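Chain residues, written in single-letter form:
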Amino acid sequence: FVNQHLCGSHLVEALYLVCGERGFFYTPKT
Amino acid sequence: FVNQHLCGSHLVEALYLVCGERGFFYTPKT
Amino acid sequence: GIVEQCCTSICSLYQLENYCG
Amino acid sequence: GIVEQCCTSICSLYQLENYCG
Ligand SMILES: [Cl-]
Ligand SMILES: [Cl-]
Ligand SMILES: [Zn+2]
Ligand SMILES: [Zn+2]
């Protein structure tokens, strides 16, 4: 739980850089 | 944009923590 | 949006909560 | 949805680009 909570921090961190202007909707409950 | 691009990175981190299970959505525009 | 609201000024934790859904 | 995918194993930036809005 904590590890994937730690891992989720870097994913949204990565999504911000990769997507750029596109943006994204982060949803953990799926 | 360099100021706001750096600022947006911490918003993405902030949104992930505050929203968490609910998730969030980042829309870079305007 | 969030950038204009919270990069031009300090947003409290509850102002950021609007963008959660 | 990505947590069960990209935290179980590493994802390249191309895979992460799919989750972009
Ligand atoms: Cl970590
Ligand atoms: Cl900074
Ligand atoms: Zn970490
Ligand atoms: Zn910084």
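Listed as the method for this PDB entry is X-ray crystallography; the listed resolution is 1.95 Å.

Colleague: Hey, could you run me through the arrangement of the chains in this one?
Modeller: Once contacts are tallied for each of the three pairs of chains in contact, the highest total is for chains A and B. Considering only C-alpha positions, the minimal separation of the non-contacting chain A and chain C is 9 Å.

Colleague: I'm lost on the interface of chain A and chain B in this one. Help?
Modeller: The interface of chain A with chain B comprises 16 residues on the first partner and 18 residues on the second. Roughly 1400 Å² of surface becomes buried between chain A and chain B when both sides are summed, with 62% attributable to carbon and sulfur atoms. A per-residue breakdown of the area chain A buries against chain B is headed by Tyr 16, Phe 24 and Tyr 26 of chain A, which together make up 42% of the total. Linking chain A with chain B are zero salt bridges, by the criterion used here. Run the count over chain A and chain B and you get five residue pairs in polar contact. Those elements that provide at least two residues to the side of chain A that touches chain B are α1 (2-19) and β1 (24-26) of chain A. If you tally residues by element for the side of chain A that touches chain B, the top one is α1 of chain A, at eight residues. A breakdown of the residues in the side of chain A that touches chain B according to their chemical character gives seven nonpolar, six polar and three charged. With three bridges joining them, β1 of chain A and strand β1 (residues 24-26) of chain B adopt antiparallel strand pairing. Among the inter-strand pairings, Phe 24 of chain A is bridged to a residue of β1 of chain B, identified as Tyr 26 of chain B.

Colleague: Would you take a moment to explain the pattern of salt bridges for this structure?
Modeller: Where charged atoms from two side chains of opposite charge come close, those side chains can pair. In the structure shown here, the tally under the stated rule is one salt bridge over all chains. Across the pair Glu 17 of chain C and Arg 22 of chain B runs a salt bridge, and its minimum N-O distance is 3.6 Å. On the criterion of chain membership, the pair formed by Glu 17 of chain C in the segment after α2 (13-16) and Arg 22 of chain B in the loop between α1 (2-19) and β1 is interchain, its members lying in two chains. Note on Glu 17 of chain C: relative accessible area 33%, which makes it partly exposed. Under the relative-accessibility criterion, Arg 22 of chain B is labelled partly exposed at 47%.

Colleague: Just checking my understanding: could you explain the side chain of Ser 9 of chain A for this structure?
Modeller: Position of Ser 9 of chain A relative to the elements: it lies in helix α1. On the accessibility criterion, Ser 9 of chain A (17% relative accessible area) is buried. Residue contacts for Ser 9 of chain A: discarding those within four places in its chain leaves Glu 13 and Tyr 16 of chain B.

Colleague: Before we go on, may I ask you to explain the packing of α1 of chain A against α1 of chain B in this structure?
Modeller: How two helices sit against one another is set out by the angle between their axes and by the gap between those axes. At a closest axis distance of 9 Å, the pairing of α1 of chain A and α1 of chain B adopts a crossing angle of 150°. In terms of orientation, α1 of chain A lies roughly antiparallel with respect to α1 of chain B. Judged by the twist between their axes, the crossing of α1 of chain A over α1 of chain B is right-handed. Taking contact as the criterion, the partners of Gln 4, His 5, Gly 8, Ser 9, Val 12, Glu 13, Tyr 16 and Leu 17 of chain A in α1 of chain A are, on α1 of chain B, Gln 4, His 5, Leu 6, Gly 8, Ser 9, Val 12, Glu 13, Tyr 16 and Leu 17 of chain B. Across the contact of α1 of chain A with α1 of chain B, the residue classes tally to seven nonpolar, eight polar and two charged.

About the criteria used
- Residues numbered from 1 in each chain as written, not as in the entry; some residues may be left out.
- Chains lettered and ligands numbered in written order.
- Heavy atoms only, no water.
- Contact = heavy atoms within 4.5 Å.
- Buried area = accessible area lost by both parts, 1.4 Å probe.
- Salt bridge = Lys/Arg side-chain N within 4 Å of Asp/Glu carboxyl O.
- Polar contact = N/O pair within 3.5 Å; in protein donor to acceptor, adjacent residues only side chain to side chain.
- Helix = DSSP H or I, 4+ residues; strand = E, 2+ residues; numbered from the N terminus.
- Nonpolar A, V, L, I, M, F, W, Y, C, P; charged D, E, K, R; others polar.
- Pairing = 2+ DSSP bridges.
- Buried < 20%, exposed > 50% of the residue type's maximum accessible area, 1.4 Å probe, protein only.
- Axes fitted to C-alpha atoms, helices over the stretch in contact; angles between N-to-C directions.
- Parallel < 35°, antiparallel > 145°, perpendicular 65-115°, else oblique.
- Left-handed = near helix turned anticlockwise from the far one by under 90°.

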